[PDB]
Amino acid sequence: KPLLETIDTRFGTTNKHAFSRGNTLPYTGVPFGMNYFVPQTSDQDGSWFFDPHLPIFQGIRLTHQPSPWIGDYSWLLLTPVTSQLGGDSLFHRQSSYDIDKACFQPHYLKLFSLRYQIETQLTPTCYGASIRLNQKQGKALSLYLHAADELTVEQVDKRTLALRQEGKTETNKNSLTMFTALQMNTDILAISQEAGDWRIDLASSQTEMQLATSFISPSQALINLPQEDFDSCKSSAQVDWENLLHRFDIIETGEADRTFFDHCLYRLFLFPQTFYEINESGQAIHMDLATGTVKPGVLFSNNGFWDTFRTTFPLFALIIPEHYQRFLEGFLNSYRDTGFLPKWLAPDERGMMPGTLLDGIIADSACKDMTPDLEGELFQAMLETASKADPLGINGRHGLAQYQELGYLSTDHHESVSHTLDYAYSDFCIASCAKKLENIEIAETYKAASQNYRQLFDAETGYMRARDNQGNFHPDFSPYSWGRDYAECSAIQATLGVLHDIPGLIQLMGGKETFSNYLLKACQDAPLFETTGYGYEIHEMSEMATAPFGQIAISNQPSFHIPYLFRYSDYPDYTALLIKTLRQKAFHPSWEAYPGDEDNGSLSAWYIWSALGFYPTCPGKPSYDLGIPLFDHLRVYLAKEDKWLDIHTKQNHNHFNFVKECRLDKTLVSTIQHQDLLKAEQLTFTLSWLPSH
């Protein structure tokens, strides 16, 4: 059985607003596809519209939802029914299905509707899908179509529909129109509207249908149609997946279960989503939603760079460099359309944060020589974005004036500590890119500004705390207090948010020993939290509090790098134990998969890096900290060198939580430099029962 068929897209999909096990969806699609496909369980639960445990479905939803917090857009629900019987609404047409016989694979979705006795099969392409419908008793099929957008349907010929649907983007309120073409191999006997939805009656009890969408035009949607039969489309999708999955090759698992790792590989290649199309002459084009006009060039959607810069993109840099460059070209195209580097695309700008963490991808690209052709423009785009004011109020740095004046955002701004620290990291990214381009004045100014994390450190308590305009800390402080000054965490986590200058953070805290004790205390504390900053409990609090990892809130991005900070401490062996145990206890090969929000490849990439044995602690520095690998023998394709790295784990016992030694080829290492990594053939960890350093 090939790997792709063993991956279950339902991992992470059991969630509610109050508690996340991944907040993923069972996305069927090609890697980075423009549309994904998922069954819809309910439309009464807002963004939480799929439940893998409930054997009910309402149809297949063509979706663009990247998270339940962002929600969906330009989505379309397709519901096969028998022409006879049925019901008078979407809800009253819902059907039980056979969960055990359903297939939930990345490239293949199969469901059997027990009410209608219809077998539905779907396989994706980038811009569309091939779908087979079969009423097993030979009764005629009909198809319902529903959207939250205003949906219009025209019959073009005996076997072809053209759909148009319209809504608005959530934050910019730009008009957003998606066109869809559907073509069947059986005649369409009638179309009509029923209570806002469309009902298409078909001549046969069986049909194969081609579907495709476009954000360009109706004729582009037709062009985007699959040209091949179901099996051929399915094989192509399999090949598209396999091309990327096979950049990792597990030679020997040892004691480890590979199931979770495999699932993470699937999650790694879903985002960002393609948001450009190819015209008749073979050129990339995209809709500029600010003007409603077509512009040349690649473009992508569905990514919050604050999530993905820290784990996902660095991993892309190792294994899919062409894709990596294409993504950066797309983000540069966003800049060319709007004047600003984007923050959270879905499909246009949705970011409410002031921080611009795409800079972390830009700086990382620079330090690893990924996109030399774009380096100049990207730098200029960062600089523009960091200094320019937006008359429309949406983009660039907020409180720039105050930040420039004071060296920090004050309590005039919400979540001022978290955002000040994000700015300080961005400043480092600009400084590094300036330096590499030999712009000395800019490098010097931004390097100095990147030290602004110092402005908020309260040496009396030992934590980062917020200041008012006059520069005073607020008198009532608790390190367990969440929100207000800190985004989805407390001072305990937020204080360690200085990726770009860990040595300086150490000096700032009073030196290596005090820093060491800070880390230990975070690991040893109970997962206490206070709701003061919010006035209610949010899922991120609940996820930490119900877990046995102290204040290491692995459920959310701010704690991702914390275990690796022991590498800079008096106890460098503690990183391995923390990682081995987190990996074993926090992640499960089941529908209740993750410790928190997966966040578009962010958390899966965290897991994968854990398995490789090293981690890009500070994107923008060409360096990796050591953790502890998972498998006896795993190969990873270092695509930039067109060669395999063999990663070996010796004495790989489950009760050995420490690394005795690590050799890059023949050389003993405690940190790995990117250049050395790329020159290496072998990476060999030897484990031990007790610490040896």
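A residue's number is simply how far along the shown sequence it sits, counting from 1.
On average the C-alpha atoms of 456-464 have higher B-factors than those of the other stretch, with 456-464 and 417-425 being the two compared. The mean C-alpha temperature factor is higher for 512-520 when 512-520 and 243-251 are set side by side. Out of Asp288, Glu170, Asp257, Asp599, the entry records its largest CA B-factor for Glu170.
The maximum CA B-factor among the listed residues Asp72, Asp348, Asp229, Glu194, taken from the PDB record, is found at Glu194. When the CA B factors of the chain's modelled residues are split into thirds, the value for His263 lands in the lowest one. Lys101: CA B factor in the middle third of modelled residues in this chain (values from the PDB entry). Placement of the Cα temperature factor of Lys640 within the chain: highest third of the modelled residues, per the deposited record.
Residue-level temperature factors show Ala129 in the lowest third of its chain, judged at the C-alpha atom. Annotation for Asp43: C-alpha temperature factor in the highest third relative to the rest of the modelled chain, per the entry.
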